[PDB]
Ligand SMILES: [Mg+2]
Ligand SMILES: [Zn+2]
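Protein chains in written order, with the numbering used here: chain A, 1 to 92; chain B, 93 to 779; chain C, 780 to 835; chain D, 836 to 1417; chain E, 1418 to 1444; chain F, 1445 to 1527; chain G, 1528 to 1764; chain H, 1765 to 1989.
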């Protein structure tokens, strides 16, 4: 964690020994969507992806309704991976 | 400006995909070596620029720039040409620094440019170089914009680009307000006949001038009456000396295409008002009076050529002749005896220029054709007619027929027998749709040509000529057009500064013989050192009347127009003045196109492309996305099957339209069949 | 995108298209399954009503 | 739409061939085709008959989104230019600087009905992205309506309640008498009068005050202290609309067209928009918005402000010269000082101007522009960026009215050329992103009417104030409007306020906020339980119509176009990406 | 000035310049 | 229903049309198949009469068949069933 | 010379007295000339008669309201201001109205002297109550156009007589626009569309005929300089 | 009620411009009256102009005659400033012949009967010893402005050069009103019309023809009744 990165500020900046939650962002910047799916399940990864795209488009004062963004997010999270073959034709 | 052009790309240079973002920037070592304004504005921005005014190329290929050397705070007049490294070694002062008329600086703190492009103030002992002039950092065509120091950079870029696309009119009047760079940039472009050696004029006409030199000899200069340029514009050269005058070595002796009395002239001076008028001048549209169509103010001559060649073939030799088969005697009236047209025949689209016939060969006939030829008794006429017809949407006279031959021993290419070129010329007026522009990047097509009487006039009865729009000025930061309008009105009416009790406070730094000027006088504000705003106010206050005692324009620069249509005066005073606009080469007659059914492609069976052929428009990917996003599917099936590729579908659509039946249901496209055959030929079984 | 690398392993697995999406009907030139192309709207019977039939 | 006859004669050639064969102007198709080619003077008289009631499509390239192709009714127009309506320019994104537009033509009855019903120009008023109207009054119409509906205190012929000498001399019997007294030089359009109105519906307060319940207007009478201009404006709006009585800013016109298109049929909205364009242009000419360099005023205390900030800049430069701080700290100190000076000069310039200056009227009426451009016109240009993106501590102190100098112009050209190249590069990148999204989301179409699921996401919806109220969340129009309630909404073990499966427009949102609930479980296309493509109640209300979405819509391509359309306008910044590559 | 057939075009230029413009096709 | 008198293409008002059908795509195929029926009536008029039925409402001077179809729809003179 | 296409005048009556007139096809440009000239001549050139000054007992300086009646002074004033009346005497005549007892005074309560006609007696004017009595003297004279409130230059000639505006014009609201008939065959001819709405005093076609009658005299003024000067003639009817 | 009628008097300033004053009008009338008279005066006064020229040595417009300084397009642009008043509606022809040195003026045109040229001091072209100019011109009536009627629609030869024509004898027309607006409400206007004609017809005749056309067109409203 490089010294060019700064700590996350919430409610004050992060201290030592501070009790943090499950999906709390430790540093300051952009969280990885692959990890936030693994930690918080597929529900929060819909919330974080919809809010982060809207936070870019509303900076220029452009309004897109969220049902236009939820369509693309639904097409992303279709498939699952295979970690056990079972006994039916599915490669790990 | 097509010469003196620097391009970063080409053979041995980077392409436009290898062109990074860093190479398109303006490095601070461009001051005086390359213009930061003048560049194309498409995808090639920053890769192509032009040289500056005083710049000079090194022996090694670097770009040198002059500088006045100053020794111990005493500005000398020795001039040292300096490249970029030596320009970094020293420090270099400003152009319009207050010299004390001795070589000394007025203030001890002068603006300066440091090594890495830093801009600092400095005590005046350290300064060892000074610029030669303002407008050193700028190009040729950008130094012809008046009031450049008030505009932005993007609209100045658009003005410098659109200044060179002006067309030559028939009259070509010099601009009222300009810079000093018209005379030099016109006599140095070589398109003006310049007397090589001094003497006296013997003989003038519209073709040739013979001066008489000081020692016996004479010299004929031949003009160019209506030569065709490289893009279809006229190239007239009329003389401007009379039969008794005395010319000196270097005097302008004949105008060029876009010149008037030597200097450049790209358009006309037109009265303008800056009100928005009934939504016709809405969102960069320009309305005009009918006086410009009537008095031929804006009218260019365009000259095109058509070329055909009689050559040999397998079956015989094609001949240029009057006897064209299956043709009437109505179209054979304008043709003369050897097949080509006469000189002066006004032609329309689809008429015969050169009557050429090919040996057809042997073909079998349909029985209906056979019995129709038996019914009317007409013969076979075994040679096929392929003439040169003037293409779609063209007209005008026929100027000149330059016809080569083989028998007269001309250098013709191998296998050709007779070459012939016909020159058609038309006289285009102005029209709604044509693109007009000023000198500050305020472009805009012509919205509606009003008649003369429904055009808002002054309190004198003088109608305005064009009407610009208000909302396009303040959001584009190009109020140089408003300053040029004010100073143009001052230069048209003429002024007289009343120095009865002393020269007034605004004009204390004006030159002499600018305290008063005649009407229709010319002035010249240079680029970065010109007419101040306070001097503009002072000139606009004292603005001597027209014919009566009538000051039509008050001190604000505005006038009280009357509505030419309703009748009542407009309730607020409106800015008027004399602007300078040019007619660009974006006319409508080179853009309007249509197609019902024309030619088709070779490998695939789509229609062809472009106005040069007949061609149809491109219904690309994103428009298919829009048609899908509507839910409209039947129109997509139409446009993708029975207008482009259904080879048995097109003729059924045409027959159904002509007979008046419903359109049949479409079929598969031939482009898909070609896809299938290529996939089968790549060893891929596609069933 | 990547027309070669899609096509070469599609031919290995003997993958058979079903013409069910939206881009393939645009390619082969049949009527797309969206908007006025679906079976609910493409198979509408249109006839005059019986009362207006008798009045002519 | 306009159409040149020299182009429509080539578009409609077989139709006109059949028609002039049918009228015995030619013996057969061959002489008819030669008659078209020679352009004989009866083919125009046939061309009008074969043109009338036949829609054509008008393309504009590039086609960013769904409203880039609309279908018009042609009519024959002289000349050679495709005449366009001045309200579809915003949807087409076309100015008149020489832009070309391609015209297509449907043939069969199915495609003719598709262009007559689906893609007609008077049926697409709203936008599919956000649901705001895109046939709203633009530049000159906005300035005209703002001048027509503003009110000047103390104009010619106001209402002064008098005593002793005379009565008030401000009232009128009817707007016809008001128009006669304004045609004579007594009344100005923008003075506060008291007319008596009969065919304009009063607002809610005066309706419940005078008439109570049955305030049907067209024979009733009531007095109204307004101008003449707002009466003339409210005559444009339909009969059922209440009397507005405001000052028509662009946002007020947006709200008016939004309400009028949510509550009324579409043809009323189209005719209202047409009338508004007419009155806006006609009063835009008479407004007197002109630019002259005497109308660009400069602040009077510019030199004192520049000298006071120059002294502090001299102090920072002297401290850097004395070695007390390095190069970067003095650069940051100079950047801060001159940013503060730029804001100060902008403040003094803002307070110096009057309200009826053409520049400040064009800005503050929402027609075009913003105050930074006026600050750079008169005032101070400010700090200019670098080729790298830093801030040069020189900054330009000259306005574009006083004229810049040589080095300041050369400093400005860096940022100008940088922005101009970045625009084209970003436009190509946004085109690639839209091309990716359309291909990905292409198989999401509506298939059923109701998936009958019970899942659904939640919505924050006006979070609780700490003092204790319901402060409204700012983004409710883009996160909770036009959706369907997945569950019920109840509070305090009381009655349900909005039930399961409602459209959830503005009155129900106001009912929820007034009844004091905050979180609702809404139904959306992330949890739609259909097999292939979404259902219809999960997608909710469509933005372009206002009703429920249909059972054949291509909502995937609509969503991909609405996301990837405005990517050109996305700025960027001077180690997290904050624009289009984010 | 210094071109023998020049039209008298009066200038608003405040400051003299030492060097005239070189020949523009010299490169 | 307090609009002005319409003209041209939009002479049957679209909001008065869309109360007869479910959605706009059904209205499109409705009017298009009625127009195909009407044009097939006109072309087979010179020969023997078939089951195709003519324009029920009185046509214009020279009207397109699709406008006759739309006015027959707006006059509530047809009936249709989906698929 | 000849016009080469004779224009015509045709009406299309909307209400009892609100008609629109369409004049077609005029050669290009003339539509705006004759349209705005006809509009100004409709408004400010047809003579009529209207109320000029009223006076009512109980009013000396309290200009707010009077006792006995419900609606105040200003509502009675703008009820009397739109009261259609014709006359025959250019000198100012007076009219009297008086009513006691509660009820509704209408325009039929008034009594016209010899030479004035009231054209809508069933216009509600006031509402008497509490057995009040109203006694208002009117001053009716005839004029043209629309004069504003003529100021009381005489200070104390009549303490009760307060003046009003006077809608002398028999029409109220005239609007117009042009159009673009037949651009291709005969090069963009114009089509004027008038729209006149009057009182019930005279019909719109009679108003337009009287305006044409005075306008042709006003231009026959300019005609009577050189009578044999060639201009465009339309020809026969 | 004003029971007085307006009159129209005259005011000469120079030979080809004069002033006309109308009083007393109703208030708000003078602007509309002057604008109607100006909109007719500036457009619909019938005059006469040249229509097509024919020079002997040339065949089209874009050439030059041997000897003269101008080319044929410059002689066209000079001849478009001709001021000529015809007499009959049939197109008459006029001639111009000049040989040898000198300057060709517009007074060198010899007119036929009826027509006359009002500006003999207009310079057309110049000549030397090598030059010899010979050109016929066609004079025709009409009104308004009509562009160059093409050679193919007519039945003329190759030598005929069609020229634009502008038939309007009026040059500059304006007005100003004098609203008195007294505070006794007996107010009126006072129009002052200012005609300037281009020496072919008098402003009296221009105003008489404009009044005749207005009396024609405004009689249409009174006629149907
Ligand atoms: Mg554009
Ligand atoms: Zn669902």
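Beta carbons are placed, not taken as given, at the ideal position from N, Cα and C, and that holds for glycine.
Beta-bridge analysis with DSSP links residue 509(B) to no other residue. Residue environment analysis places residue 1051(D) among the exposed positions, since fewer than 16 neighbouring C-beta atoms fall within 10 angstroms of its C-beta.
Within the segment 518-530 of chain B, the residues whose Cβ lies closer than 9 Å to any Cβ of chain H are, in chain order, 519, 521. Just so you know, the alpha carbons of residue 1312(D) and residue 1294(D) end up roughly 12 Å apart. Under a 10 Å Cβ-count criterion, residue 1578(G) is classified as buried, with 16 or more other Cβ atoms of the shown protein chains found around its own Cβ. Each residue's CA atom was taken as its position, placing residue 794(C) and residue 1102(D) some 51 Å apart. In the DSSP assignment, the residues bridged to residue 493(B) are 514(B).
The residue from 749(B), 586(B), 511(B), 489(B) with its alpha-carbon nearest to that of residue 518(B) is 489(B).
Taking C-beta atoms as the reference points, residue 1561(G) and residue 1982(H) count as a pair closer than 8 Å.
The set of residues whose C-beta lies within less than 5 Å of a heavy atom of ligand 2 reads, in chain order, 1286(D), 1363(D), 1370(D), 1373(D). Taking a 10 Å sphere around the C-beta of residue 54(A), we find 16 or more other C-beta atoms and assign the residue as buried.
Listed in chain order, the beta strand (DSSP E) elements of length 3 or more contained wholly in the segment 1814-1872 of chain H are 1856-1863, 1866-1869.
Look at the beta carbons and you see the segment 241-250 of chain B not touching the segment 629-638 of chain B: under three pairs across the two are nearer than 8 Å. Under DSSP, residue 1428(E) forms a beta bridge with 616(B).
Our two residues, residue 1716(G) and residue 1638(G), have alpha carbons roughly 54 Å apart in a direct line. For residue 811(C), the closest Cβ of chain B is nearer than 8 Å. When beta bridges are read from the DSSP output, residue 549(B) appears opposite 555(B), 654(B). With the criterion set as a beta carbon lying under 7 Å from some beta carbon of chain F, the segment 1058-1069 of chain D has no members that meet it.
At a beta-carbon threshold of 9 Å, the residues of chain B lying near residue 1556(G) are 543, 545, 546, ordered along the chain. Exposure of residue 152(B) is indicated by the presence of fewer than 16 other C-beta atoms within 10 angstroms of its C-beta. Relative to residue 839(D), the option among 918(D), 862(D), 1170(D), 957(D) whose CA is nearest is 918(D). For residue 1576(G), the beta-bridge partners assigned by DSSP are 1612(G), 1669(G). Between ligand 1 and residue 926(D), a heavy atom-to-CB distance of less than 7 Å is absent.
For residue 1783(H), there is no enclosing alpha helix (DSSP H); the enclosing beta strand (DSSP E) has its first and last residue at 1781-1789. Contact note: residue 1770(H) reaches chain G through 1745, 1748, using a C-beta cutoff of 8 Å and chain order.
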